[PDB]
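Each remark here refers to the structure printed beneath this line.
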Amino acid sequence: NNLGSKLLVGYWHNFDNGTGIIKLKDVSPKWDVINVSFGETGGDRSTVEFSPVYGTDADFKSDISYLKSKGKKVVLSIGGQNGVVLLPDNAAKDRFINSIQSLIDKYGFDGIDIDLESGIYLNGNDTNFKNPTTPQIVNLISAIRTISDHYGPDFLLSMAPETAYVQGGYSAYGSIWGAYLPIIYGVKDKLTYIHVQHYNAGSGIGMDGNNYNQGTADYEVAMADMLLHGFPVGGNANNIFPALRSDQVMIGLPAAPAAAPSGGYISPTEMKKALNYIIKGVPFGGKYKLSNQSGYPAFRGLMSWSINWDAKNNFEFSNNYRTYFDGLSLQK
Ligand SMILES: [Zn+2]
Ligand SMILES: [Zn+2]
Ligand SMILES: [Zn+2]
Ligand SMILES: [Zn+2]
């Protein structure tokens, strides 16, 4: 896929929410991947649809080809308030698969991003993340594998679940708690990276059993470390969720305070402390102790909601973190 080792992945508003529309060619080159937000659904909650917020279909395709020629990736994100996906059975699953492939074919997207919240949860008795039994989860995994298999090894697959669905699995396994764990595990060989939303999250319990507060360096390290290292699920020491490759692990952050109205924004100064600890093993006097002393140098980078918020906030996120990653001189 020719993706770099330290990425900035930015969500791109296919809409004007007050922050304005940025045409694709006007997006800062500091973003490596652009997650077009969002493919949406109608009555049947399964047929995904997408139309460019500006200009014609042909021109949007051309814009995407241009970006791709510059080494960027353009990914279709599925989710948002108007992108609820429900796959209770095979019929629904097929509408989903076919509609997504049609959109990828039409616009030349490099892959898809799963940003689903509503609709995802574990049924009773669904107890094993390696072998899920909830139809929504089973069918989403199947659809994702089918789509990725359709496009081959270069297909880009990402996802942006909220913490309850991933790290929350440390506390409970059922309902929304840990509900993305089977999805992640089920598609791990196809997964390019996961960027959990470390925002609008309140607090989170680390693998050390301690509580950490969103928007702090300790919290960022504690939450990422769970995917970098793996962790016991639902208080069961014998049910360990395995580590992902470090190059599959990113952290999702708000570009500006207002990009996450319930909190989660962290200053670049504090975030760089977290990054230096995660990547280089260099501590910063925090309470959280990293699982691997020497660090996880192949940690993949940062995601942000969003490109549009970033541009409205003096490009603080993109400028700070591009410089940080560009300045790394990792040896190994
Ligand atoms: Zn939410
Ligand atoms: Zn096929
Ligand atoms: Zn949300
Ligand atoms: Zn260990």
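Under the working numbering, the first residue of the sequence shown is numbered 2, with each subsequent residue one higher. C-beta atoms are modelled at their ideal positions from N, C-alpha and C, and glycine is treated no differently.
Residue state for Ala238 is assigned as strand, using DSSP reduced to three classes. By DSSP's assignment, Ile252 forms a beta bridge with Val197 and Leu303. Ligand 3 never approaches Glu41 closely enough for any of its heavy atoms to be under 8 Å from the residue's Cβ. Segment contact: the region 81-98 against the region 33-48, three or more CB-CB distances shorter than 8 Å; contact assigned. C-alpha of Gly207 to C-alpha of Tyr213: approximately 7 Å in a straight line. Put simply, the backbone Cα of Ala238 is about 12 Å away from that of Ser172.
Not one heavy atom of ligand 2 falls within 8 Å of the beta-carbon of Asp155. Counting along the chain, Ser38 sits inside the beta strand (DSSP E) bounded by residues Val34 to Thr42. Within the same chain, and ignoring the five residues on either side of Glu271 in sequence, the residues whose Cβ sits closer than 6 Å to its Cβ are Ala218.
Separation of the CB atoms of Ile98 and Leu77 is rounded to 14 Å, and the pair is thereby denied contact status at 8 Å.
A direct Cα-to-Cα measurement between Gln215 and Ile184 gives close to 24 Å. Counting along the chain, the unbroken beta strand (DSSP E) around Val75 starts and ends at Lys74 to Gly80. Taking the Cβ atoms as the reference, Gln294 lies roughly 6 Å from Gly282, within the contact range of under 8 Å. Sixteen is the threshold: since fewer than 16 other Cβ atoms of the shown chains lie within 10 Å of the Cβ of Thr57, the residue is exposed. Proximity of the beta carbon of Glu271 to ligand 1 is not indicated: no heavy atom of the ligand is located closer than 8 Å.
In the DSSP assignment, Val10 falls within the unbroken beta strand (DSSP E) covering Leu8 to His14. The three-state secondary structure of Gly231, taken from DSSP, is strand. DSSP places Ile280 within a helical segment (H, G or I) once states are collapsed to three. In this structure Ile79 is in contact with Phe39, their Cβ atoms being roughly 6 Å apart against a cut-off of 8 Å.
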